[PDB]
Amino acid sequence: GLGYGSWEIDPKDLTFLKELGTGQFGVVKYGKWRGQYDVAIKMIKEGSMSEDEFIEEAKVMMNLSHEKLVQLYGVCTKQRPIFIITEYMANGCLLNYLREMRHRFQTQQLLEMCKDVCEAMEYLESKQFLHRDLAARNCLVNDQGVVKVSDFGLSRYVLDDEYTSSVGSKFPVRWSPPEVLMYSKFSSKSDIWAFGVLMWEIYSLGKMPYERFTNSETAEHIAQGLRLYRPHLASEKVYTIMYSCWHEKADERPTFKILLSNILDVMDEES
Ligand SMILES: CNC(=O)[C@H]1Cc2c([nH]c3ccccc23)CN1C(=O)c1occc1CNc1ccc2nccnc2c1
């Protein structure tokens, strides 16, 4: 209606039902839009984000749509806190989901999680869009067990310098290739690297990558050409796929299209 562009949701259309989580970015709530449609309402913590930049980016992000990418529905920008309105993912964080041993996952399910993410990432790569912080903690799981990629690109707007710089205490060192750690070279291939780590996290049922190392030690390990090694649940073929993401030379890492092809081949051969 009047006073709300195509990217703007009227927050008066929201019904708040349950709190989903709280952290440094703000608070996520489960709710309804116009009494009917499930949504997540992501409430941006005041002072945490470069808000005008985020809002301008949100307008572009409205055009991104893929069944394995958490759908952005709009933003609420007229009051503080700012709201991001997205698709609701009832089973929450992938990292926590993986760590719940009750699921007793088959490896076919683990590969399907990898495929879900790979499809979303191929889509983002086709649009020349980087995630910039791909990891199990930034994937979500819906009521049907489908994994979708969440908060893609959000790190560009985070004001906490501990998060954003390669030498910061909250920087995703364990998901970063040597060229990121050494000289902040972000590219498609740093997303590829992170995706390999994410496959590792999935097959490890949510273990911390390099769990016995600090971030500093991890950076040294990977600068010396050393790597994560094969999760017990990963077949040789699955391990080959994740390991291909970790070539020292960024140009020798696959694309998401190639990874997707590889994953599908393994599903045909093994699942
Ligand atoms: C560092 N972390 C955070 O500060 C909070 C708040 C938040 C996040 N991202 C933001 C972006 C903009 C504004 C505030 C935030 C991430 N975060 C979470 O609690 C969170 O992270 C993963 C899962 C959860 C909580 N559970 C769910 C469950 C179902 C969902 N469905 C759809 C969408 N998000 C869901 C979250």
Side-chain angles (χ1 to χ4, degrees), residues 7-9 11 14-33 37-62 64-100 103 113 116-117 120 131-164 168-175 194 198 201-202 206 208:
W7 74 93
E8 276 299 297
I9 280 161
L14 302 168
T15 300
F16 290 81
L17 296 174
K18 190 173 173 183
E19 188 164 292
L20 297 168
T22 304
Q24 291 290 111
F25 306 153
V27 179
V28 190
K29 308 238 182 215
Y30 164 62
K32 299 281 190 181
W33 179 82
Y37 297 94
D38 287 339
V39 295
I41 302 142
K42 322 192 85 178
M43 304 174 75
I44 292 172
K45 183 170 167 188
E46 180 163 299
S48 72
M49 299 262 296
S50 183
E51 288 180 353
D52 293 344
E53 288 181 55
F54 169 69
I55 293 162
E56 194 57 30
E57 189 69 4
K59 302 185 203 181
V60 173
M61 286 197 296
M62 285 300 290
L64 297 171
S65 188
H66 179 278
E67 67 171 354
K68 308 303 173 65
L69 189 70
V70 172
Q71 187 60 56
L72 176 61
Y73 297 135
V75 292
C76 308
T77 67
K78 298 178 75 177
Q79 303 186 130
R80 262 52 179 174
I82 301 278
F83 303 165
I84 313 176
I85 312 305
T86 76
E87 172 176 14
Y88 175 55
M89 300 293 287
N91 283 319
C93 190
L94 176 62
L95 188 53
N96 291 343
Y97 187 77
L98 291 166
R99 291 173 176 184
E100 288 165 334
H103 298 301
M113 296 175 196
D116 288 340
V117 173
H131 193 291
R132 283 173 166 98
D133 192 16
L134 182 61
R137 66 177 171 280
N138 288 326
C139 297
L140 291 166
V141 187
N142 76 2
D143 64 334
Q144 304 300 302
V146 179
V147 180
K148 307 191 190 203
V149 171
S150 179
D151 282 334
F152 34 104
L154 187 64
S155 65
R156 291 172 298 171
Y157 314 106
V158 173
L159 296 178
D160 185 4
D161 287 352
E162 296 304 327
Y163 254 105
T164 60
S169 64
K170 298 169 201 173
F171 189 84
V173 171
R174 300 155 192 277
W175 289 264
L198 185 153
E201 295 183 87
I202 288 167
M208 176 76 91

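Counting convention: from 1, in listed order, for ligands and their atoms alike. Residues take their numbers from the sequence shown, with the count starting at 1. These values consider heavy atoms only, across backbone and side chains, with no hydrogens, waters or symmetry-generated copies.
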Which atoms of ligand 1 have any heavy atom of [X] under 4.0 Å away?
| X | value |
| --- | --- |
| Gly21 | 19 (O), 25 (C) |
| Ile84 | 12 (C) |
| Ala40 | 31 (N), 32 (C), 33 (C) |
| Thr22 | 19 (O) |
| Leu154 | 11 (C) |
| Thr86 | 32 (C), 33 (C) |

Checklist outcome for this item: Honestly, for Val70 the part within reach of ligand 1 (heavy atoms, under 4.0 Å) is neither

Checklist entry - Between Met43 and ligand 1, which part of the residue brings a heavy atom under 4.0 Å of the ligand: side chain, backbone, both or neither? => result backbone

Checklist entry - So is there a nitrogen or oxygen of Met89 less than 3.5 Å from a nitrogen or oxygen in ligand 1? => result yes

Checklist entry - Any idea how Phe83 and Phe16 line up, ring-wise: parallel (<30°), tilted (30 to 60°), or perpendicular (>60°)? => result perpendicular

Next on the checklist: Parallel, tilted or perpendicular, judged at 30° and 60°: which one describes the rings of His103 and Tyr97?
Outcome noted: tilted

Checklist outcome for this item: dist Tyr30:OH -> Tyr88:OH (nearest 0.5 Å) comes out at 6.0 Å

Item to check | Between CG on residue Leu95 and CG on residue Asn138, distance to nearest 0.5 Å | outcome: 10.0 Å

If you have a sec, work out which protein heavy atom is nearest [atom] and how many Å separate them, to one decimal?
| atom | answer |
| --- | --- |
| atom 23 (C) of ligand 1 | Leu140 CD2, 3.8 Å |
| atom 7 (C) of ligand 1 | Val28 CG2, 3.5 Å |
| atom 5 (C) of ligand 1 | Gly23 N, 3.8 Å |
| atom 15 (C) of ligand 1 | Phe25 CB, 3.6 Å |
| atom 25 (C) of ligand 1 | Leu20 O, 3.5 Å |
| atom 16 (C) of ligand 1 | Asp151 OD2, 4.1 Å |
| atom 21 (O) of ligand 1 | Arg137 O, 4.8 Å |
| atom 32 (C) of ligand 1 | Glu87 O, 3.2 Å |

Checklist entry - Is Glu100 atom CD crowded by more than 12 heavy atoms from other residues, nucleotides or ligands, each under 6.0 Å away? => result yes

Is there a side-chain contact between [X] and [Y], using heavy atoms and a 4.5 Å cut-off?
| X | Y | value |
| --- | --- | --- |
| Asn96 | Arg137 | no |
| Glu53 | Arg156 | no |
| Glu51 | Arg80 | yes |
| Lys29 | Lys42 | no |
| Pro81 | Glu46 | no |
| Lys68 | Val147 | no |

Checklist entry - Which is closest to atom 10 (C) of ligand 1 in terms of heavy atoms, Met49, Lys42, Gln24? => result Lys42

